[PDB]
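Residue-level structural notes
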Amino acid sequence: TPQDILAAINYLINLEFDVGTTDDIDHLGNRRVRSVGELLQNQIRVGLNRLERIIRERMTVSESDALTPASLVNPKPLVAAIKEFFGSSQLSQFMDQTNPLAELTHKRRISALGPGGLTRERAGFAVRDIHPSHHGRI
DNA sequence: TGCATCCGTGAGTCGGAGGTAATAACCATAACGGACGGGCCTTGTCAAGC
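Listed as the method for this PDB entry is cryo-EM; the listed resolution is 2.96 Å.

A short note on the protein's contact with DNA strand B
Every residue close to DNA strand B is listed here: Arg 50, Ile 54, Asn 74, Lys 76, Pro 77, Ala 80, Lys 83, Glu 84 and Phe 94. Counted by atom, the contact set of DNA strand B within 4 Å of the protein is 41% sugar and phosphate. Measuring from a base oxygen of DNA strand B, one finds a side-chain N or O atom of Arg 50 at 3.2 Å. Take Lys 83: an N or O atom from its main chain is 3.5 Å from a base nitrogen of DNA strand B. Of all the secondary structure elements, the ones that give two or more residues to the surface near DNA strand B are α2 (36-61) and α4 (76-87). Counting residues per element, the surface near DNA strand B draws most heavily on α4, at 5 residues. Across the surface near DNA strand B, the residue classes tally to 4 nonpolar, 1 polar and 4 charged.

Considerations on the side chain of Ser 133
Within the fold, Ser 133 resides in the segment after α5 (100-106). Filtering out sequence-adjacent residues up to four positions away, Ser 133 remains in contact with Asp 26, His 27 and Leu 28.

Considering the packing of aromatic side chains
Here the structure, examined in full by the defined rule, presents 1 aromatic pair. Ring geometry for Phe 85 and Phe 86: centres 5.1 Å apart, planes at 75 degrees, overall edge-to-face. Look at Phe 85 and you get buried, because its relative accessible area is 9%. Judged by its relative accessible area of 48%, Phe 86 is partly exposed.

A closer look at α4
Taking 1.5 Å per residue as the helical rise, α4 with its 12 residues ought to reach 16 Å, and the 16 Å between its terminal C-alpha atoms agrees with that figure. Buried residues in α4 make contact with α2.

Here's the deal with a nonpolar patch on the surface
A cluster of nonpolar side chains, namely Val 36, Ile 44, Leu 48, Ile 82 and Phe 86, defines an oily patch on the protein surface of about 410 Å² accessible area. Taken together, the elements giving at least two residues each to the nonpolar patch come down to α2 and α4. When residues of the nonpolar patch are assigned to their parent elements, the largest contribution, 3 residues, is made by α2. Looking at where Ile 82 falls in the secondary structure, it is placed in helix α4. Taking the relative accessible area as the measure of exposure, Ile 82 reaches 32% and is therefore partly exposed.

Quick word on the packing of α2 against α4
At a closest axis distance of 8 Å, the pairing of α2 and α4 adopts a crossing angle of 155 degrees. Taken together, the axes of α2 and α4 lie roughly antiparallel to each other. Once α2 is placed against α4, the crossing between them reads as right-handed. Here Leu 39, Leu 40, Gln 43, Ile 44, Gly 47, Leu 48, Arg 50, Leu 51 and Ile 54 of α2 come into contact with α4, specifically with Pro 77, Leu 78, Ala 81, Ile 82, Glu 84, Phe 85 and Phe 86. In terms of residue class, the contact of α2 with α4 is made up of 12 nonpolar, 2 polar and 2 charged.

Topic: unusual backbone geometry
A positive phi angle is found at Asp 18, which is not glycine, with a value near 60 degrees. With respect to the secondary-structure elements, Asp 18 resides in the loop between α1 (2-14) and α2. Taking the relative accessible area as the measure of exposure, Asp 18 reaches 74% and is therefore exposed. The phi angle at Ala 66 is positive, at roughly 60 degrees, despite the residue not being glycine. Taking the relative accessible area as the measure of exposure, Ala 66 reaches 83% and is therefore exposed.

Criteria and thresholds
- Residues numbered from 1 in each chain as written, not as in the entry; some residues may be left out.
- Chains lettered and ligands numbered in written order.
- Part of a larger assembly, values for the part shown.
- Heavy atoms only, no water.
- Residues with missing side-chain atoms left out of burial classes, pairs and counts.
- Near = heavy atom within 4 Å.
- Polar contact = N/O pair within 3.5 Å; in protein donor to acceptor, adjacent residues only side chain to side chain.
- Helix = DSSP H or I, 4+ residues; strand = E, 2+ residues; numbered from the N terminus.
- Nonpolar A, V, L, I, M, F, W, Y, C, P; charged D, E, K, R; others polar.
- Contact = heavy atoms within 4.5 Å.
- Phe/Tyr/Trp six-rings, centres within 6.5 Å; stacked < 30°, edge-to-face > 60°.
- Buried < 20%, exposed > 50% of the residue type's maximum accessible area, 1.4 Å probe, protein only.
- Expected span 1.5 Å × (residues − 1).
- Patch = residues over 30% accessible without salt bridge, like charges linked within 9 Å, V, L, I, M, F, W, Y side chains within 5 Å.
- Areas by Shrake-Rupley, 256 points an atom, 1.4 Å probe, with all protein chains shown as cover.
- Salt bridge = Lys/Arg side-chain N within 4 Å of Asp/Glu carboxyl O.
- Axes fitted to C-alpha atoms, helices over the stretch in contact; angles between N-to-C directions.
- Parallel < 35°, antiparallel > 145°, perpendicular 65-115°, else oblique.
- Left-handed = near helix turned anticlockwise from the far one by under 90°.

Printed below as a string of structure tokens:
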């Protein structure tokens, strides 16, 4: 909303008069964890965008009406997106199943790489340092 | 003519395992070409003879 942009302009202007606090990029209050629900939701969003583009094209081309709902829905982009997410992702990893300790430790891994995360070439020293906000959490 | 901005160039060596991509008109008509079938010839064994 434009009220949000006005408030952000107000905070940026007030920071030039020494009031307010600059933020930290490595602080664990500014970093969140995305598990399997959000990534499935995003991939299903992309597949549904493809599916509704297909359905809108199939409705706009067909001049004859009185169709069945099973004729307008093509499930193949959604299946392709779900299979792509579970097969060829950085996040979908071949499981460490050596012993119960390795199996338990692999499910609790917190990675900073992947799509929407980081690049290993763009990984400096400050992103590999230990932050004081990691105390107790990581 | 000096300083700011931009772009291209680099960033250790071996070994193992897993492992990729991922959706979208339809119809006539003639030209083309591989397959299949007889014709003739070339080729490869039996068999008797000096």
